[PDB]
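Peer 1: Here you go, this is my_file34.txt (compact mmCIF, C-alpha atoms and all ligand atoms).
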```txt
# COMPACT_ATOMS: atom_id res chain seq x y z
CA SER A 1 7.73 -1.17 -22.08
CA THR A 2 6.96 -3.29 -19.01
CA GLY A 3 8.44 -3.82 -15.55
CA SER A 4 8.28 -6.63 -13.01
CA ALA A 5 9.59 -6.66 -9.44
CA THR A 6 9.29 -8.94 -6.42
CA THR A 7 7.81 -7.49 -3.23
CA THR A 8 8.60 -9.06 0.16
CA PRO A 9 6.91 -8.73 3.57
CA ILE A 10 9.17 -6.86 5.99
CA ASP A 11 8.41 -9.32 8.80
CA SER A 12 6.64 -12.56 9.79
CA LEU A 13 3.29 -10.68 9.99
CA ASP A 14 3.20 -8.88 6.61
CA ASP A 15 3.01 -5.50 8.39
CA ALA A 16 4.31 -4.01 5.12
CA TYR A 17 5.91 -4.94 1.79
CA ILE A 18 9.15 -3.58 0.29
CA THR A 19 10.17 -3.68 -3.36
CA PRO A 20 13.70 -2.94 -4.65
CA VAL A 21 13.99 0.30 -6.63
CA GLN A 22 17.07 1.57 -8.53
CA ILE A 23 17.72 5.28 -8.18
CA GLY A 24 20.31 7.49 -9.86
CA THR A 25 23.49 6.88 -11.86
CA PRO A 26 25.07 4.56 -11.07
CA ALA A 27 22.14 2.73 -9.45
CA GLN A 28 21.47 3.03 -5.75
CA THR A 29 19.05 0.26 -4.84
CA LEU A 30 16.60 1.28 -2.12
CA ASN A 31 13.78 -0.93 -0.85
CA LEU A 32 10.53 1.01 -1.06
CA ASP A 33 7.01 0.53 0.22
CA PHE A 34 4.82 0.63 -2.92
CA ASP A 35 1.80 2.58 -1.71
CA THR A 36 -1.44 2.92 -3.66
CA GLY A 37 -2.71 5.15 -0.85
CA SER A 38 -0.34 8.08 -1.38
CA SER A 39 1.50 9.88 -4.17
CA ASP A 40 4.94 10.90 -3.03
CA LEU A 41 8.15 9.10 -3.93
CA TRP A 42 10.24 9.90 -0.87
CA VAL A 43 13.46 8.36 0.40
CA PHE A 44 15.82 8.22 3.35
CA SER A 45 18.85 10.25 2.24
CA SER A 46 22.24 11.71 3.04
CA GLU A 47 20.18 14.76 4.11
CA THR A 48 18.12 12.98 6.77
CA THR A 49 18.73 13.96 10.41
CA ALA A 50 21.29 11.38 11.52
CA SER A 51 19.33 10.63 14.70
CA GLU A 52 16.21 9.78 12.69
CA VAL A 53 18.10 7.22 10.58
CA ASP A 54 18.61 3.72 11.99
CA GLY A 55 19.62 1.01 9.51
CA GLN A 56 17.80 2.30 6.42
CA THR A 57 19.76 2.47 3.16
CA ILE A 58 20.17 6.13 2.16
CA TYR A 59 19.96 7.87 -1.22
CA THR A 60 22.93 10.17 -1.70
CA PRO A 61 22.12 12.59 -4.57
CA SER A 62 25.64 14.11 -4.55
CA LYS A 63 26.83 10.69 -5.75
CA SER A 64 24.32 10.51 -8.62
CA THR A 65 25.50 12.09 -11.89
CA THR A 66 21.91 12.46 -13.12
CA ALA A 67 20.41 13.87 -9.87
CA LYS A 68 19.39 17.53 -10.12
CA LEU A 69 18.16 19.78 -7.33
CA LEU A 70 14.66 21.00 -8.01
CA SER A 71 15.13 24.66 -7.11
CA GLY A 72 12.88 25.80 -4.29
CA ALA A 73 10.80 22.65 -4.04
CA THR A 74 9.92 21.19 -0.65
CA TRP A 75 7.62 18.38 0.40
CA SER A 76 5.87 17.56 3.64
CA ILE A 77 3.44 14.75 4.22
CA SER A 78 1.39 13.34 7.10
CA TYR A 79 -0.45 10.05 6.98
CA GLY A 80 -3.54 9.61 9.12
CA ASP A 81 -1.79 7.43 11.70
CA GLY A 82 0.61 9.95 13.16
CA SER A 83 3.61 9.34 10.93
CA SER A 84 5.03 12.02 8.66
CA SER A 85 8.13 13.10 6.76
CA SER A 86 9.41 16.14 4.85
CA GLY A 87 12.41 17.39 2.91
CA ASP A 88 13.62 18.75 -0.43
CA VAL A 89 13.30 17.31 -3.95
CA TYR A 90 15.53 16.00 -6.73
CA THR A 91 14.76 14.69 -10.19
CA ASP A 92 16.69 11.51 -11.03
CA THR A 93 16.44 8.26 -12.97
CA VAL A 94 14.26 5.66 -11.26
CA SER A 95 13.87 2.03 -12.37
CA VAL A 96 11.58 -0.76 -11.16
CA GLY A 97 12.32 -4.21 -12.56
CA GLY A 98 13.67 -3.03 -15.89
CA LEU A 99 11.14 -0.21 -16.27
CA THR A 100 12.86 3.17 -16.39
CA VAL A 101 11.70 6.79 -15.84
CA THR A 102 14.02 9.75 -16.30
CA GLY A 103 13.26 12.92 -14.41
CA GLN A 104 11.20 11.26 -11.71
CA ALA A 105 10.77 13.52 -8.73
CA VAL A 106 12.66 11.82 -5.89
CA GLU A 107 11.73 13.46 -2.60
CA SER A 108 14.73 13.49 -0.27
CA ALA A 109 13.79 13.47 3.43
CA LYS A 110 15.32 15.89 5.92
CA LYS A 111 12.97 14.74 8.70
CA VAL A 112 11.05 11.50 9.31
CA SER A 113 8.80 10.55 12.25
CA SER A 114 9.28 7.69 14.74
CA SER A 115 7.28 5.05 12.85
CA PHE A 116 9.72 5.22 9.93
CA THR A 117 12.96 5.49 11.98
CA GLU A 118 11.88 2.33 13.79
CA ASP A 119 11.26 0.34 10.56
CA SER A 120 14.85 -0.36 9.42
CA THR A 121 13.54 -2.50 6.52
CA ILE A 122 11.85 0.42 4.74
CA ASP A 123 14.00 2.99 2.87
CA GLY A 124 11.03 5.05 1.73
CA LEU A 125 7.68 5.06 -0.07
CA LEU A 126 6.81 4.86 -3.76
CA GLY A 127 3.33 6.38 -4.03
CA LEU A 128 0.96 4.87 -6.63
CA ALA A 129 -2.25 6.80 -5.93
CA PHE A 130 -3.21 9.80 -8.06
CA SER A 131 -0.80 12.68 -8.70
CA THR A 132 -3.35 15.16 -7.33
CA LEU A 133 -2.23 14.09 -3.84
CA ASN A 134 1.46 14.85 -4.42
CA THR A 135 2.71 17.25 -1.74
CA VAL A 136 5.62 18.97 -3.49
CA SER A 137 5.28 22.76 -3.37
CA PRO A 138 5.12 25.17 -4.97
CA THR A 139 4.96 22.89 -8.06
CA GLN A 140 3.25 19.45 -7.82
CA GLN A 141 5.26 16.44 -9.06
CA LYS A 142 4.05 13.25 -10.80
CA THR A 143 4.11 9.69 -9.42
CA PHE A 144 6.36 7.02 -10.97
CA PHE A 145 3.41 5.27 -12.62
CA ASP A 146 2.13 8.50 -14.12
CA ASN A 147 5.57 9.31 -15.57
CA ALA A 148 5.69 5.79 -17.01
CA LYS A 149 2.07 5.48 -18.25
CA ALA A 150 2.56 6.57 -21.87
CA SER A 151 5.44 4.13 -22.36
CA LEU A 152 3.70 1.04 -20.97
CA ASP A 153 2.36 -1.59 -23.38
CA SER A 154 -0.78 -1.04 -21.28
CA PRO A 155 -1.43 1.85 -18.87
CA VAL A 156 -1.78 -0.55 -15.94
CA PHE A 157 -0.04 -1.98 -12.93
CA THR A 158 -0.94 -5.09 -10.97
CA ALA A 159 -0.45 -5.91 -7.30
CA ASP A 160 -0.02 -9.52 -6.26
CA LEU A 161 0.83 -9.52 -2.56
CA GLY A 162 1.79 -12.73 -0.82
CA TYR A 163 0.63 -14.05 2.53
CA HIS A 164 3.77 -14.61 4.65
CA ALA A 165 5.46 -14.88 1.22
CA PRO A 166 7.03 -12.89 -1.69
CA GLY A 167 4.73 -11.28 -4.27
CA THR A 168 4.91 -9.28 -7.50
CA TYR A 169 4.25 -5.78 -8.81
CA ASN A 170 4.05 -5.64 -12.59
CA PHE A 171 3.86 -2.55 -14.77
CA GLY A 172 2.45 -2.44 -18.30
CA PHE A 173 0.94 -5.91 -18.57
CA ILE A 174 -1.38 -8.46 -16.96
CA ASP A 175 0.04 -11.88 -16.08
CA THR A 176 -2.73 -14.37 -16.91
CA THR A 177 -0.99 -17.20 -15.05
CA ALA A 178 -1.12 -15.25 -11.77
CA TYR A 179 -4.83 -15.70 -10.94
CA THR A 180 -7.74 -18.15 -11.15
CA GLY A 181 -11.00 -17.48 -13.00
CA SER A 182 -11.54 -14.01 -14.49
CA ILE A 183 -10.69 -10.47 -13.45
CA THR A 184 -13.75 -8.53 -12.30
CA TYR A 185 -13.46 -4.83 -13.06
CA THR A 186 -15.31 -2.21 -10.98
CA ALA A 187 -15.63 1.59 -11.19
CA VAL A 188 -13.18 3.99 -9.54
CA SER A 189 -13.68 7.55 -8.26
CA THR A 190 -10.59 9.76 -8.33
CA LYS A 191 -12.33 12.70 -6.63
CA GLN A 192 -10.28 12.12 -3.48
CA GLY A 193 -7.13 11.05 -5.33
CA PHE A 194 -7.42 7.40 -4.34
CA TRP A 195 -8.22 4.16 -6.09
CA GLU A 196 -11.62 4.54 -4.46
CA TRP A 197 -14.28 1.96 -5.29
CA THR A 198 -17.46 0.38 -3.92
CA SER A 199 -17.69 -3.17 -2.66
CA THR A 200 -21.03 -4.93 -3.18
CA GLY A 201 -21.02 -6.44 0.32
CA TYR A 202 -19.54 -9.09 2.61
CA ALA A 203 -19.86 -12.49 4.28
CA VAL A 204 -18.42 -13.76 7.57
CA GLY A 205 -17.08 -17.30 7.21
CA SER A 206 -19.66 -19.53 5.53
CA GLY A 207 -22.38 -17.07 6.60
CA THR A 208 -24.93 -15.71 4.13
CA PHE A 209 -23.66 -12.92 1.86
CA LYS A 210 -25.00 -9.47 2.76
CA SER A 211 -25.51 -7.01 -0.11
CA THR A 212 -24.58 -3.48 0.96
CA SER A 213 -22.50 -0.69 -0.53
CA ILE A 214 -19.12 -0.33 1.15
CA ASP A 215 -17.18 2.56 -0.36
CA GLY A 216 -13.45 2.39 0.33
CA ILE A 217 -9.95 2.63 -1.18
CA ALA A 218 -7.63 -0.04 -2.61
CA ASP A 219 -4.56 0.74 -0.56
CA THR A 220 -1.33 -1.34 -0.57
CA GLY A 221 0.21 1.20 1.81
CA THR A 222 -2.10 0.20 4.66
CA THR A 223 -1.58 -3.01 6.65
CA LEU A 224 -5.08 -3.89 7.81
CA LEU A 225 -8.63 -3.98 6.50
CA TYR A 226 -10.75 -1.10 7.85
CA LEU A 227 -14.50 -1.58 7.43
CA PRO A 228 -17.61 -0.09 9.02
CA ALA A 229 -18.32 -0.74 12.69
CA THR A 230 -21.40 -2.83 11.92
CA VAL A 231 -19.55 -5.07 9.50
CA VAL A 232 -16.52 -5.39 11.77
CA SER A 233 -18.71 -6.22 14.78
CA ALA A 234 -20.42 -8.89 12.69
CA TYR A 235 -17.00 -10.43 11.98
CA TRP A 236 -15.56 -10.51 15.51
CA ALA A 237 -18.88 -11.80 16.91
CA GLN A 238 -17.96 -15.13 15.30
CA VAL A 239 -14.69 -15.42 17.25
CA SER A 240 -15.11 -16.65 20.83
CA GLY A 241 -13.35 -14.28 23.21
CA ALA A 242 -12.84 -11.45 20.76
CA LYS A 243 -13.44 -7.95 22.10
CA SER A 244 -12.64 -4.30 21.28
CA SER A 245 -9.89 -2.96 23.54
CA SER A 246 -9.50 0.75 24.29
CA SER A 247 -6.06 0.15 25.82
CA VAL A 248 -5.02 -1.49 22.53
CA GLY A 249 -7.15 0.56 20.13
CA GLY A 250 -9.01 -2.15 18.27
CA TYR A 251 -10.38 -5.67 18.30
CA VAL A 252 -8.11 -8.31 19.82
CA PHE A 253 -8.81 -12.01 20.13
CA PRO A 254 -7.51 -15.17 21.88
CA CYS A 255 -4.39 -16.31 20.03
CA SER A 256 -5.64 -19.93 20.26
CA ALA A 257 -8.65 -19.09 18.04
CA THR A 258 -9.30 -20.47 14.60
CA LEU A 259 -10.41 -17.41 12.64
CA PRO A 260 -13.21 -17.50 10.09
CA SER A 261 -12.67 -16.15 6.57
CA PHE A 262 -14.03 -12.79 5.36
CA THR A 263 -15.54 -12.33 1.90
CA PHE A 264 -15.88 -9.02 0.09
CA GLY A 265 -17.85 -8.39 -3.08
CA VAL A 266 -16.45 -7.03 -6.32
CA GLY A 267 -19.63 -6.73 -8.37
CA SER A 268 -21.12 -10.21 -8.64
CA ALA A 269 -17.69 -11.67 -7.79
CA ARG A 270 -16.38 -12.64 -4.35
CA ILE A 271 -12.89 -12.42 -2.89
CA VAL A 272 -12.37 -14.72 0.10
CA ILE A 273 -9.82 -13.66 2.75
CA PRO A 274 -8.73 -16.81 4.61
CA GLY A 275 -9.02 -16.49 8.40
CA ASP A 276 -5.22 -16.87 8.53
CA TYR A 277 -4.74 -13.44 6.94
CA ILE A 278 -6.62 -11.72 9.77
CA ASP A 279 -4.23 -12.80 12.54
CA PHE A 280 -1.52 -10.27 13.41
CA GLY A 281 0.14 -11.96 16.36
CA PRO A 282 0.48 -11.19 20.09
CA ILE A 283 -0.36 -7.59 21.01
CA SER A 284 2.99 -7.58 22.84
CA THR A 285 5.75 -10.23 22.94
CA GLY A 286 4.60 -13.29 24.87
CA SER A 287 0.92 -12.29 25.15
CA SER A 288 -1.89 -14.77 24.49
CA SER A 289 -4.05 -11.95 23.11
CA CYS A 290 -3.66 -11.30 19.37
CA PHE A 291 -4.42 -8.16 17.35
CA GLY A 292 -7.08 -8.54 14.70
CA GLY A 293 -6.45 -7.73 11.06
CA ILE A 294 -9.92 -6.26 10.56
CA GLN A 295 -10.70 -3.02 12.35
CA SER A 296 -13.36 -0.30 12.45
CA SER A 297 -13.03 2.61 10.03
CA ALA A 298 -15.15 4.73 12.40
CA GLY A 299 -12.57 7.38 13.27
CA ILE A 300 -11.03 7.37 9.80
CA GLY A 301 -13.78 8.73 7.54
CA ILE A 302 -13.26 6.19 4.79
CA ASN A 303 -13.06 2.40 4.59
CA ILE A 304 -9.65 0.98 3.66
CA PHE A 305 -9.06 -2.23 1.73
CA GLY A 306 -5.46 -2.56 2.94
CA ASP A 307 -3.01 -5.43 2.49
CA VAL A 308 -5.19 -7.87 4.47
CA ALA A 309 -7.78 -7.73 1.69
CA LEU A 310 -5.54 -7.08 -1.31
CA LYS A 311 -3.26 -10.05 -0.61
CA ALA A 312 -6.18 -12.47 -1.14
CA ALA A 313 -6.54 -11.04 -4.64
CA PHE A 314 -4.70 -10.39 -7.87
CA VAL A 315 -5.37 -6.66 -8.24
CA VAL A 316 -5.24 -4.52 -11.38
CA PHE A 317 -4.85 -0.78 -11.10
CA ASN A 318 -6.00 0.37 -14.52
CA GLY A 319 -4.85 3.89 -15.33
CA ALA A 320 -6.69 4.13 -18.64
CA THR A 321 -8.66 7.29 -19.52
CA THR A 322 -11.33 6.34 -16.98
CA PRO A 323 -9.41 4.47 -14.29
CA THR A 324 -10.91 1.22 -13.01
CA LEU A 325 -9.83 -1.46 -10.56
CA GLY A 326 -9.77 -5.19 -11.17
CA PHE A 327 -9.88 -8.09 -8.70
CA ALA A 328 -9.32 -11.80 -9.27
CA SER A 329 -9.09 -14.75 -6.91
CA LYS A 330 -5.68 -16.43 -6.88
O1 LIG A 401 -1.70 6.85 3.84
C1 LIG A 401 -2.07 5.76 3.46
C2 LIG A 401 -1.09 4.76 2.89
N1 LIG A 401 0.27 5.11 3.28
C3 LIG A 401 0.72 4.84 4.63
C4 LIG A 401 2.19 5.20 4.76
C5 LIG A 401 2.66 4.84 6.14
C6 LIG A 401 2.25 5.41 7.35
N2 LIG A 401 2.89 4.82 8.40
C7 LIG A 401 3.73 3.87 7.93
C8 LIG A 401 4.62 2.98 8.52
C9 LIG A 401 5.35 2.12 7.70
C10 LIG A 401 5.22 2.12 6.31
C11 LIG A 401 4.33 2.99 5.67
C12 LIG A 401 3.59 3.86 6.46
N3 LIG A 401 -3.33 5.36 3.53
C13 LIG A 401 -4.33 6.12 4.00
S1 LIG A 401 -5.45 6.95 3.18
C14 LIG A 401 -6.53 7.78 4.10
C15 LIG A 401 -6.00 7.40 5.47
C16 LIG A 401 -4.77 6.47 5.42
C17 LIG A 401 -3.86 5.80 6.42
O2 LIG A 401 -3.26 6.52 7.23
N4 LIG A 401 -3.80 4.47 6.46
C18 LIG A 401 -3.00 3.71 7.41
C19 LIG A 401 -3.70 3.72 8.76
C20 LIG A 401 -5.06 3.99 8.85
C21 LIG A 401 -5.68 3.98 10.09
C22 LIG A 401 -4.97 3.70 11.25
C23 LIG A 401 -3.61 3.41 11.17
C24 LIG A 401 -2.99 3.42 9.93
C25 LIG A 401 -6.89 8.08 6.51
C26 LIG A 401 -7.68 9.30 6.07
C27 LIG A 401 -8.56 8.98 4.88
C28 LIG A 401 -7.69 8.65 3.67
```
Here is a file; write its structure as structure tokens.

Peer 2:
Amino acid sequence: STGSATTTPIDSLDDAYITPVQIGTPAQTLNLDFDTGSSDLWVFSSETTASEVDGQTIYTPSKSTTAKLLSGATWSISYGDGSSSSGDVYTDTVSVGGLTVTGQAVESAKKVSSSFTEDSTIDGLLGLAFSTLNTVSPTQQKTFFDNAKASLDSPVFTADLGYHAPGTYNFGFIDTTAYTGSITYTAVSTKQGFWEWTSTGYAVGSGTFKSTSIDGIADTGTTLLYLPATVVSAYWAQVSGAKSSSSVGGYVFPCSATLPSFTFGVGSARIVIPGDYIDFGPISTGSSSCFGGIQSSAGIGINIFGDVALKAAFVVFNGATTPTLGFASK
């Protein structure tokens, strides 16, 4: 089997991407944030505190003839940004672009934090990291991709995120028309449950490539690119007026700037992030100071190749016996 769905930025800045998912019988289509940085499939529901729901489409399990309460299961998750959600669990039928899983754990939210209530475009998350991270207790549940793996023509999914434009998630196959040149595959560690890999280095603009190991995670569920303080200082040094703001909590720069590109290494290969992709608009409406799309991973504990980096690449998440990650220019 295979599946193919379009993913769309939620706003003019690509702060996140949503992909339509069909849940239950008959189908309830909810728009989910496909997230390679977590492992819970959780949704706004008819069980969510009415004051924490504001425009999101809700999953109503009582209306699904295939939904079944998972007796005694609860879930509770907190991402390292403040946001969090929790609730109970159902198993139901879940389809993405023609690809169908029966008995997928669908984690119904009873409480969500502010960050999610505020984003009316996002009806939940579909986690695509490793099932070891799944928070359902007392019995861990499997991610959509894991449940689907055995059925796929190939145990893979690809992420093709667009810059200020629609993109594609495919399951089961690799679209050879979607990228230029060849796909460079690099090793993955699952020890922390992420698509964790090691970049061979970086360049700032047309500056000389620096070879250095940058261990980090391929994470579609994270907006920006978080890299070490040294690397990130080397980048913003090339932008006149750029500085790190405590009041803001990261590097900001003059909106009038023309940003240089950033290159990261995948083995001998190089992915080039156009300077464009690193601009995230005024820090507040009307301001001439703009938030940068590349930030320090200093108070995080791991580097994060978020959307800013992944959207410059065609990315293969290879769930074969030894998982690997693949990157191609596009
Ligand atoms: O958890 C994820 C991916 N999933 C994020 C889900 C999410 C949180 N808030 C949201 C708001 C809208 C849509 C989705 C989300 N990645 C991962 S993995 C990981 C972290 C994070 C993370 O929180 N990233 C986003 C972020 C990092 C730093 C500062 C601010 C934000 C930090 C500890 C090490 C391992």

Peer 1: Give me, as a PyMOL selection string, all polymer residues having an atom no more than 8 Å from residue 22 (chain A), counting only C-alpha atoms and skipping those fewer than 6 positions away in the same chain.

Peer 2: chain A and resi 28-30+94-96

Peer 1: Taking all atoms listed in the file into account, name the residue in A:79, A:157, A:59, A:169 that is nearest to residue 97 (chain A).

Peer 2: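 So, comparing all the options, the nearest one is A:169.
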
Peer 1: Which residues, written as an mmCIF file with C-alpha atoms, keeping the file's coordinate frame, have at least one atom at most 8 Å from region 216-231 of chain A, with only C-alpha atoms counted and residues fewer than 3 positions away on the same chain left out?

Peer 2:
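Wrote it out as part27.cif, contents follow:
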```cif
data_model
loop_
_atom_site.group_PDB
_atom_site.id
_atom_site.type_symbol
_atom_site.label_atom_id
_atom_site.label_comp_id
_atom_site.auth_asym_id
_atom_site.auth_seq_id
_atom_site.Cartn_x
_atom_site.Cartn_y
_atom_site.Cartn_z
ATOM 1 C CA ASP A 14 3.200 -8.880 6.610
ATOM 2 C CA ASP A 15 3.010 -5.500 8.390
ATOM 3 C CA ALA A 16 4.310 -4.010 5.120
ATOM 4 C CA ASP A 33 7.010 0.530 0.220
ATOM 5 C CA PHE A 34 4.820 0.630 -2.920
ATOM 6 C CA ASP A 35 1.800 2.580 -1.710
ATOM 7 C CA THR A 36 -1.440 2.920 -3.660
ATOM 8 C CA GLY A 37 -2.710 5.150 -0.850
ATOM 9 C CA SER A 38 -0.340 8.080 -1.380
ATOM 10 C CA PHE A 194 -7.420 7.400 -4.340
ATOM 11 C CA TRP A 195 -8.220 4.160 -6.090
ATOM 12 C CA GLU A 196 -11.620 4.540 -4.460
ATOM 13 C CA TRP A 197 -14.280 1.960 -5.290
ATOM 14 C CA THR A 198 -17.460 0.380 -3.920
ATOM 15 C CA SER A 199 -17.690 -3.170 -2.660
ATOM 16 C CA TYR A 202 -19.540 -9.090 2.610
ATOM 17 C CA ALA A 234 -20.420 -8.890 12.690
ATOM 18 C CA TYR A 235 -17.000 -10.430 11.980
ATOM 19 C CA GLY A 293 -6.450 -7.730 11.060
ATOM 20 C CA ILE A 294 -9.920 -6.260 10.560
ATOM 21 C CA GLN A 295 -10.700 -3.020 12.350
ATOM 22 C CA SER A 296 -13.360 -0.300 12.450
ATOM 23 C CA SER A 297 -13.030 2.610 10.030
ATOM 24 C CA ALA A 298 -15.150 4.730 12.400
ATOM 25 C CA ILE A 302 -13.260 6.190 4.790
ATOM 26 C CA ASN A 303 -13.060 2.400 4.590
ATOM 27 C CA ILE A 304 -9.650 0.980 3.660
ATOM 28 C CA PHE A 305 -9.060 -2.230 1.730
ATOM 29 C CA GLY A 306 -5.460 -2.560 2.940
ATOM 30 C CA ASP A 307 -3.010 -5.430 2.490
ATOM 31 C CA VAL A 308 -5.190 -7.870 4.470
ATOM 32 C CA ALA A 309 -7.780 -7.730 1.690
ATOM 33 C CA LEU A 310 -5.540 -7.080 -1.310
#
```

Peer 1: Mind giving me the straight-line distance from CA of residue 98 (chain A) to CA of residue 62 (chain A) in Å, one decimal?

Peer 2: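 Going from CA of residue 98 (chain A) over to CA of residue 62 (chain A), I get 23.8 Å.
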
Peer 1: Is it possible to get the axis-aligned box enclosing ligand LIG 401 (chain A) (all listed atoms, 8 Å extra per side) as AutoDock Vina command-line options, with centre and edge lengths in Å rounded to one decimal?

Peer 2:
```
--center_x -1.6 --center_y 5.7 --center_z 7.1 --size_x 29.9 --size_y 23.2 --size_z 24.4
```

Peer 1: Extract, using only C-alpha atoms, all DNA, RNA and protein residues at most 9 Å from region 130-143 of chain A, discarding same-chain residues fewer than 6 positions from it, and format them as a list in words.

Peer 2: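 The filter keeps residues 36, 37, 38, 39, 40, 41, 72, 73, 74, 75, 76, 77, 88, 89, 104, 105, 107, 190, 192, 193, 194 and 195 of chain A.
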
Peer 1: Closest to residue 170 (chain A) among A:10, A:314, A:64, A:116, using all atoms listed in the file?

Peer 2: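 Ranked by minimum distance to residue 170 (chain A), first place goes to A:314.
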
Peer 1: Using all atoms listed in the file, which protein or nucleic acid residues come within 9 Å of residue 174 (chain A)? Drop anything in the same chain fewer than 4 positions from it, and give the result as a VMD selection string.

Peer 2: chain A and resid 154 156 to 158 170 178 316

Peer 1: For the atom pair CA of residue 108 (chain A) and CA of residue 144 (chain A), what is the interatomic distance in Å to one decimal place?

Peer 2: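 So the answer is 15.0 Å.
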
Peer 1: Write out as a ChimeraX atom specification each polymer residue whose atoms come within 10 Å of region 320-330 of chain A, counting only C-alpha atoms; drop sequence neighbours fewer than 5 positions from it.

Peer 2: /A:149,154-156,158-160,177-190,195-197,218,265-267,269-273,310-315

Peer 1: Report, in Å with one decimal, the straight-line distance from CA of residue 13 (chain A) to CA of residue 82 (chain A).

Peer 2: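 We find that CA of residue 13 (chain A) and CA of residue 82 (chain A) lie 21.0 Å from each other.
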
Peer 1: When you count all atoms listed in the file, which of these residues is closest to residue 48 (chain A): A:109, A:32, A:69, A:21?

Peer 2: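 For residue 48 (chain A), the nearest of the candidates is A:109.
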